[PDB]
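Engineer: There's a structure below that I have some questions on.
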Amino acid sequence: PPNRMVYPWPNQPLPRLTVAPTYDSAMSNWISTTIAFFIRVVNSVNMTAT
Amino acid sequence: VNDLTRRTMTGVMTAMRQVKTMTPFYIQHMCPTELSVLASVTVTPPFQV
């Protein structure tokens, strides 16, 4: 629809006061879970044997 | 045998068991065909028991 754009990630309006790093954004969540999974992989039995 | 080495030995043996080689498949499925064809080519036919 005219004057609209789509965006692969969730989005928010521009913040009001100063910015700062946060940890509840979609990307941050994606990062944390991904790392958590691979850590689980590394500790799996398949790695331990070798 | 010191366990560190003992740990190493079982490790390297495990690695060998995990290699995704193609040979076992070839033996079971493809090698027989090659023999069956070549049997008609050699100057001496196969002689088996």
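Here the protein sequences come in this chain order: C and E. Residue 16 in the working numbering is what sits at position 28 of the first sequence, and the numbering runs on without skipping anything. Take any residue in the second sequence, count from 1 to its spot, add 65: that is its number in the working numbering. Where is the CB? At the ideal position from N, CA and C, for every residue including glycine.
Counting along the chain, where does the alpha helix (DSSP H) carrying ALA24 (chain C) start and finish?
Structural biologist: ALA24 (chain C): member of the alpha helix (DSSP H) spanning 14 to 30, first to last residue.
Engineer: In terms of residues, what are the limits of the alpha helix (DSSP H) holding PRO1 (chain C)?
Structural biologist: Run containing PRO1 (chain C): none; DSSP gives neither H nor E here.
Engineer: Using the Cα positions of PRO(-4) (chain C) and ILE27 (chain C), report the straight-line distance between them to the nearest angstrom.
Structural biologist: 27 Å
Engineer: When you compare the CB of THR109 (chain E) with every CB in chain C, is at least one pair closer than 8 Å?
Structural biologist: no
Engineer: If you measure from the beta carbon of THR79 (chain E) to each beta carbon in chain C, is any gap under 8 Å?
Structural biologist: It does: the Cβ of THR79 (chain E) has a partner Cβ on chain C nearer than 8 Å.
Engineer: So, using beta-carbon positions, are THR79 (chain E) and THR38 (chain C) closer together than 8 Å?
Structural biologist: One thing to note: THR79 (chain E) has its Cβ within 8 Å of the Cβ of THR38 (chain C).
Engineer: Which whole-angstrom value is the C-beta distance of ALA104 (chain E) and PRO110 (chain E), which I expect to be below 8 Å?
Structural biologist: Indeed they touch by this definition, with Cβ atoms about 7 Å apart.
Engineer: With C-beta atoms as the reference, is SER16 (chain C) less than 8 Å away from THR22 (chain C)?
Structural biologist: no
Engineer: For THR36 (chain C) and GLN83 (chain E), I'd like the C-alpha separation in whole angstroms.
Structural biologist: 14 Å
Engineer: Cβ of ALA14 (chain C) within 8 Å of Cβ of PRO(-2) (chain C)?
Structural biologist: Their beta carbons are under 8 Å apart, which means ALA14 (chain C) touches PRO(-2) (chain C) by this criterion.
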